[PDB]
């Protein structure tokens, strides 16, 4: 049956691995950030309908630059994306989560503000969370606390606690094989194994350092394909993307692939 959220032409591996999707992207800096430090909004000009929104948070000491590449990559496939700086560079995961949710809230405000470039462009019922390291831990906290979120795709997550057993939101964990800041054995993998209630996926990048999914990474084709496919499948209920979302990509750039409850 027709999916009112489907946007864009039918996907291929090549179209998803490309540096950009079908839609023209513009961006702006949020003038008066509400509940977080600073933000940049990326949006499609010509998506053909309202789109979901995704809020992305950096790691400790880090800024938007570390996660910026997701903004154009996701927006060009039909999402509104807000990348944030935190109130302090030394904010911890819980605070990062609150700020992430504040950023989504502001996206909803701007959707209703006629002066904004994103006026009327957002479906405020359909949201997702992403982020690096402690910002990835924050993303998981956001999902735990707000199960109406449609998707979560943290990268190299870290939190003091690895128990996210309550999470019912579809969650893709990007992991970095050689991470020594948040080692996979003590962070990303126990987090992944804790979650028994959801669609989930574990994608570990072969030879990756802790920054393996950050801006400038050497795996933007694969990582971008997977992120976009996960968000399309789960934020847009778009079953054109189910295979790309759920499949083992059979890539030598991947040292560990796992998934559950994905169809």
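Numbering follows the first chain given and starts at 1.
When the mean C-alpha temperature factors of 121-129 and 156-164 are read from the deposited coordinates, 156-164 comes out higher.
Two stretches are in play, 76-84 and 186-194, and the higher mean C-alpha B-factor belongs to 186-194. Per the PDB record, 46 has a higher Cα B-factor than any other of 64, 27, 46, 214. You'll see in the entry that, of 142, 115, 171, 95, the Cα B factor peaks at 115.
In the PDB entry, residue 220 places in the middle third of its chain by CA B-factor.
Ranked against the other modelled residues of its chain, the C-alpha B-factor of residue 31 as given in the entry falls in the highest third. Split the chain's modelled residues into thirds by C-alpha temperature factor. Residue 206 is in the highest one.
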